[PDB]
Amino acid sequence: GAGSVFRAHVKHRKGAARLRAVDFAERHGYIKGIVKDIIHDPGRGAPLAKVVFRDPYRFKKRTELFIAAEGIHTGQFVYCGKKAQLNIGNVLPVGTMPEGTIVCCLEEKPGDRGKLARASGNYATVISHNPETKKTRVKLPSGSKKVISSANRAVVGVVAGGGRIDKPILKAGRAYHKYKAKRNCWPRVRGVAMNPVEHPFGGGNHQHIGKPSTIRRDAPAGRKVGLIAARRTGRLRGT
Amino acid sequence: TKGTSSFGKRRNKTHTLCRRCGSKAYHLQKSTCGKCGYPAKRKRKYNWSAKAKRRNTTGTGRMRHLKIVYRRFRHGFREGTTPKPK
RNA sequence: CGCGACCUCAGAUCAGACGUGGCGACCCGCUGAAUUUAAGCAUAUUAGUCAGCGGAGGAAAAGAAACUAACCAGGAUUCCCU
RNA sequence: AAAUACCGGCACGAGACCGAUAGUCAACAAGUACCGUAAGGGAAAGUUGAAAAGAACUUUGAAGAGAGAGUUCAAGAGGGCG
RNA sequence: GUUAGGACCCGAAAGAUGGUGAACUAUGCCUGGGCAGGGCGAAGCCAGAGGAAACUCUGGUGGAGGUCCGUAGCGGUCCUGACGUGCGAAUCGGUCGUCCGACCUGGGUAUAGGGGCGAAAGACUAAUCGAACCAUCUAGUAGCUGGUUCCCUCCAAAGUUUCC
RNA sequence: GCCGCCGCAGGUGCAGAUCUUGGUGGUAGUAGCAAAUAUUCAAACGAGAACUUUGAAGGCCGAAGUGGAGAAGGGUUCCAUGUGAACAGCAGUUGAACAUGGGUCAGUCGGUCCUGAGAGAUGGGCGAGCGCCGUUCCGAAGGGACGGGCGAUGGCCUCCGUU
RNA sequence: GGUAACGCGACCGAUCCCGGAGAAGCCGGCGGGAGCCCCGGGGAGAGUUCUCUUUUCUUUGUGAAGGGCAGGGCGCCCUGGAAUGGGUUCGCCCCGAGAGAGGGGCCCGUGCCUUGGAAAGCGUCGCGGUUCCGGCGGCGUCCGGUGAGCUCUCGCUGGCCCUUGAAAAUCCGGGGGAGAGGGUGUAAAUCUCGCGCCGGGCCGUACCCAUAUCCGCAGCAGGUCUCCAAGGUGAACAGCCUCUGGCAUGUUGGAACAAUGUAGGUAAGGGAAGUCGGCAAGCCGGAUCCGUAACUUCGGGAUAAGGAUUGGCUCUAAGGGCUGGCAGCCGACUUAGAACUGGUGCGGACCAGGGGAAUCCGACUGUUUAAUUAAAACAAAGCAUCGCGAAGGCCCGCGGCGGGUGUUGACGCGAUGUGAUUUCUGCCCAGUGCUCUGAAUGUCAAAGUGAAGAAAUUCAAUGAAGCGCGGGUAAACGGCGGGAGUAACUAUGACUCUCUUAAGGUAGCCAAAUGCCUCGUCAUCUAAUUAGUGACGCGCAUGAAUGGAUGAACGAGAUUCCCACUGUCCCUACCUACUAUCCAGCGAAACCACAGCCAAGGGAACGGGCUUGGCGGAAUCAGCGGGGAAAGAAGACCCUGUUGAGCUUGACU
RNA sequence: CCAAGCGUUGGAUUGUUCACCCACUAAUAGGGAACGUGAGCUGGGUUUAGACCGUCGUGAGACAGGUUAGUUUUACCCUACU
RNA sequence: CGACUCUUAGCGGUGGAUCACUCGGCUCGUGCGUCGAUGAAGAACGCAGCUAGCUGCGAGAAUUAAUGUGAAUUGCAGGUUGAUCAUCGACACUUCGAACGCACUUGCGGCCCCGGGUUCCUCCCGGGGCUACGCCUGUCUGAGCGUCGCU
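In order, the protein sequence lines correspond to chains A and j.
Using the deposited numbering, the first residue of the first sequence is number 11, and each one after it goes up by one.
Using the deposited numbering, the first residue of the second sequence is number 2, and each one after it goes up by one.
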């Protein structure tokens, strides 16, 4: 997967999905923009959303591509900055917004344009606060909770296109078309189903592995294959 | 099927005329010459094929500036003057 | 705010002069094998050789000692005999 | 600077060598006919006679092929012809 | 007479540099073209009747899906049939598998040899693949095969001994 | 054009190497010119008619064509005048052979002109080296315009292109 | 100009800004308009006439560009407010967010009229210059009617997606109002109105497009991308025949009609008795009307299985539109029933499933060894582990602020494990893997730090990770015992002890696609069965995501038996097509010490040639397949070689 | 004992060489002929390359342990025989 | 008797050894020691009265001048005031190629000056001259909260 025949299929896809910049508006007060269409993008079973903000130094109309928060609809108003009202699809920094509220398309560095929580059905909740240091705790999707920098922001709600793991894909084709609008990756051939020279696991009379399928973190390539650095193994009971 | 049926799927060309060596060996998709590497600033030539070099050096073609340096050489590169009249 | 000196740095179809590429038999600077010898083979051998890249000239390169000596001392460099 | 090196280039002079399956791949429209998509691979093939004097006229045939005339010291040298 | 040398001539399976190929096929991308006639009848809807309520029966309408029969197209089961100095360095014939979907094909494009591509057989990479092709190093090395050109005259062996 | 005697010198003597190159036999006038239905009668050109040319009969393809026109690729094979050697696996009057002589005309039908997957210069950076990486990323990357004003053209510097 | 949707011939003006167009998937249903096909009548020329036939065929026309009207579609505007709900499609679907009714407006208008345009074109009939005509004259180039027919187009409406179905050159329309034009004149700027005048360079343009001009060494049964597509029977671009246009049977003629072949048929009586095996062949087949089992994941199974009906001609009955519960006229199909009738003949050729009752394997569709394996292999949805919060995991690279996953962010990228659903998935951390703890602490290199010594050198303490010590783990790789004794007939063993390991095989499931002994043994199918299926478990070596047990559908997959039907057999016959054969013309190959009748004998132990016997009579045409240890390729098996390569780890470096 | 004159058959399970059962029969004796006989057939078994188990090995791999699918070339020359 | 089969000889076919010739190679030696932006080496297309190949040459195309030589060239026809032949010093050389306005489709441009549409008047058809990178010497126009200066 390191190049050529694999690289992601980008043509019918509809934009890269970000926040705004930051500027004097977001930084000393607030700005308002309107929503002009919710809109589907491929390689990403969740919807985007165009939003005409008006540029505040020339006559113009800027136009962005947020990650659409459920409950948004068209025509509606989006008011944002360091003051703006905490309701839904209204953006303002973690510094400001209270504990308990849910967020999406959250930032990690102050000003980086949103890197966390934009896949379908993902949050990044706010827990606690410490205003000498200017730091904040945020429970992310994997159980853990990042210390974060208190001036770094997130649109309010929960991400659109919710509940996609539900339905059984049935037919093998429905896979193909899922994985024909992403990258060369599918009908996946097992490692024991390769000769001596084509995968280390496969070879001989039966179709066994032979070697234990855990391996050192500190292997080289060609070998680091299987369960990597595996803390434990088996059917997971208890917790 | 590998043999003579698939020999009948031909209606296209990899190479054509180079425009330096002139040698039907200029690879379209890759766009340098197979004989000389046309885009490349100097030539291509090599010391592992010698019957390769001696199809193609300073004797071979016309020599049309050179064959009259050698002649101009041997008295003393005379320029300007003209032989005595009648 | 202006005016002037320097320093460091743009742009030109500004005025006049230079370089590229070729041939490569002999010369200079790099980089650089394995067949094969060892009655096997890893150090050794092939060999600083083959192939690769670079620069020249009518020759190149070297060159008037941080030199050889151990003598009653020879006195830049290259080349042949030893 | 010289005394050194020079199977490429420009002219030259020789040979106890080879003599057209030899000697260079090449004595001749050869790095040419032709093969390979391309890198590349790459032949075969010298000789009438002193002179063209290269056989008017006749005759069989539709035509090639023939019979007699004739040039030459010879066609028992008749245009891939000692 | 022994030896180093291309060393009496002819012969490997290998190994080593530097170079040419995706015009067949393997796969990812851009852009055009293509696919008889029949069968089965899922949701959604129209009345017609039964019951206290839920809701249920009878008749129509409708046009699904890696659904069936089956043509063009793509493929290649059995005859272990023909052909086997052939028409063909893998054809042809009757019978066969699929045929609105992970379908079937033209053009432009990316991937290069311990390297690519693989619904995975060590498959495919220009009639070559358990490591493609072209030139050189190279006349590569051989306790092993095959050959080894004129006459007469004279003498004429060995397969046993130690050490490898 | 060549040979004997005394002396020199060496790329010096063939039956063979599934040896190299050239030429010729037996087999042999033998294997063979068998896939997709089929021909026959008259004439006229001629030194030569089972096959060409005209006319009449009987047939096949059967619009998913043995029909009519294109793109790749071929490169003149297109079309008339002749020729009978060779070739077209019997024959030739025939031929896509041979020899001579003609033939491809556009604002409106294409390429050019724009981008697609993708190819790739400069700034930078890597590099012993020819060179490689990268394509918006360490860049002073725009050489143009309607007007405000100075002073210079052209045609009666009147009015405007031209700096 | 109009209430207004919007209309009229023009209808000034910059930088800037906003949007339109170029700009889109595939599949179903219905409607409009051309081409084409059909049907009744009129012209002109043909064909046929023994008899009939107002007959059978040929042919019958108008470019672009402009104006005018039909034909189609509207998510366009007005008055007006509707349950006793209404409007309406094949399906839908619409409405106090304004329906029915009435009246208007905009876009396409490839159809008919118009100028073009009859002056040309086509059909026929007749006259000139023999030539050398785009010669010249005449008639004609009509009128009606149908449609789920086929082909192209144009619109309206529905379905599908964890699949949402290109870019930009180019060109228009708007908001805004920077400005500009001249003082009622001759008027000015200004026009996206009509007329007019000058101009468009370069390269390609012939022909084949293939059972003859392209690739396959050739005029090669191979292979190579599209466009248009008439009548008849049919469900039909199927199969068979025919028009338009095409062709000379595909590098040969003539004569015979032998044995072998290659491709077609037919067979009295029996019917797999043939064979490894029903291999090959044959049987069934179209549509209408009845009728249909196990089993099931309720969807299927299912054309199950099993029957009957079907020709020809003479009738009857139903199913529509248009003009003004009735009258007139206009009309293209089907569908049901009855009768007469043939030597019991009708899907008359052509097209066109053999059926049933089980065992295993793989859920299904899909892919795969081009050129000896299409499968039980690969992939698959579903299940489960594993790493990872970007200074990041996984990965490429000789190198650089290098690149891929990524225009991404945990319902996310990467790495393995089994294989749809239902029911289930027991014990073992001693062993290796992998992992988490650290000064509880034995091994520890570079570099230093210090003292001894005249230095060259040596000793002493300090001492990373990794190894030792101690936790986590089997949907991580696998592994899951031995022996004596006991019941009132005997077998039998519920019970009892005793040695051992990390436990010691828990659910289930068997002489299997897996059991040596083995053709295991009771039962079932046959006259007879190393076969097939139903139980018994002792199981050499069955056992649970290294998967265990089961199951509807499915299969060019492996296996058994019954009804059908057959030249597969008893036992072979005869016919047809093409060769073979004989003749004229053309005319190659492999192979070849020398050659070519046998016995026995010896001999490198199986002679055509030697020795002893038998014997030996030109030259040849068709066959055959005993012998030449026949040809075809320096044995592919085995062994040697101090000859190699592809694979793998605790071999060595 | 002389006698090898004339015969010594049809079926089920199995790839069989061998084995065992049904039925008929004068009888269902045994053998050679390159273990007679593939340019006479068949390829059903073994004994290539695909695939699945059941033991062994950490493994590439291995099985007189079992399975499924796997292309049978030439005659026109001499002889022989017709 | 005859065909056919084998041997030998004569003469003919078929084939191209052997011999004899050589404007060609091989080896040694000597001497000189010269490519290029002023456009190389190498390619491509053109050039004869009759001409395809080798040769030689460039729209001045089997070559033009000049110096020398002094009556040809030739395969057929026609055409001494210097034929033909060697020398090379004056003149000239299509398109590509390091290859140079931008680009490889023989395609689109910008800058000036000339003859024609003219009566520069832009657009129009012809003809000419400049329009690549890198780098050194200096000249012109400029940038900098770099370092200072004086009002």
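Here a beta-carbon is modelled for each residue, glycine too, at the ideal position from N, C-alpha and C.
Alpha-carbon to alpha-carbon, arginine 30 of chain A and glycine 85 of chain A: Near 19 Å, if we compare the C-alpha coordinates of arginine 30 of chain A and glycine 85 of chain A.
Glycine 4 of chain j versus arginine 11 of chain j - alpha carbon distance: Cα to Cα, the separation comes out at about 13 Å.
Sequence-distant residues of the same chain with beta carbon closer than 6 Å to residue 268 of chain A, five excluded per side: With chain A running from 11 to 249 in the structure shown, residue 268 of chain A is simply not present.
Limits of the unbroken beta strand (DSSP E) element including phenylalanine 76 of chain A: From DSSP, the beta strand (DSSP E) with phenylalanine 76 of chain A extends over 72-77.
Cα-Cα separation between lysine 25 of chain j and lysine 42 of chain j, rounded to whole angstroms: The straight-line gap from Cα to Cα measures roughly 20 Å.
Touch test, the region 11-20 of chain A against the region 64-81 of chain A, Cβ-Cβ under 8 Å, three pairs minimum: Not touching, per the Cβ criterion.
Residues sharing a beta bridge with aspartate 47 of chain A, DSSP: When DSSP reads this structure, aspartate 47 of chain A sits in a beta bridge with A:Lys60.
Limits of the unbroken beta strand (DSSP E) element including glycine 91 of chain A: Residue range 87-91 is occupied by the beta strand (DSSP E) that includes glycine 91 of chain A.
Three-way DSSP call (helix, strand, coil) for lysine 10 of chain j in this model: Here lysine 10 of chain j carries a coil assignment [DSSP, helix/strand/coil].
Cβ-Cβ distance between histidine 22 of chain A and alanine 191 of chain A below 9 Å: The Cβ atoms of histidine 22 of chain A and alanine 191 of chain A lie closer than 9 Å to each other.
Cβ contact check for the region 195-203 of chain A and the region 140-155 of chain A: 3 or more pairs under 8 Å: The region 195-203 of chain A, when compared against the region 140-155 of chain A, does not touch it at the 8 Å Cβ threshold.
Reduced DSSP secondary structure (H/G/I, E/B, other) of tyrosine 133 of chain A: For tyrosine 133 of chain A, the three-state secondary structure derived from DSSP is coil.
C-beta contact flag for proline 52 of chain A and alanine 170 of chain A at 9 Å: Their beta carbons are not under 9 Å apart, which means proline 52 of chain A does not touch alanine 170 of chain A by this criterion.
Entirely enclosed alpha helix (DSSP H) segments - the region 146-223 of chain A, minimum 4 residues: Fully enclosed alpha helix (DSSP H) runs of 4 or longer: 182-190.
Residue environment, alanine 185 of chain A, which counts as buried when at least 16 other CB atoms sit within 10 Å: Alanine 185 of chain A comes out exposed.
Residue 113 of chain j, DSSP secondary structure in three states: Any question about residue 113 of chain j goes unanswered here, given that chain j covers just 2 to 87.
Simplified DSSP state of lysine 25 of chain j, which is helix, strand or coil: In the three-state DSSP reduction, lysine 25 of chain j falls in the coil class, being neither helix nor strand.
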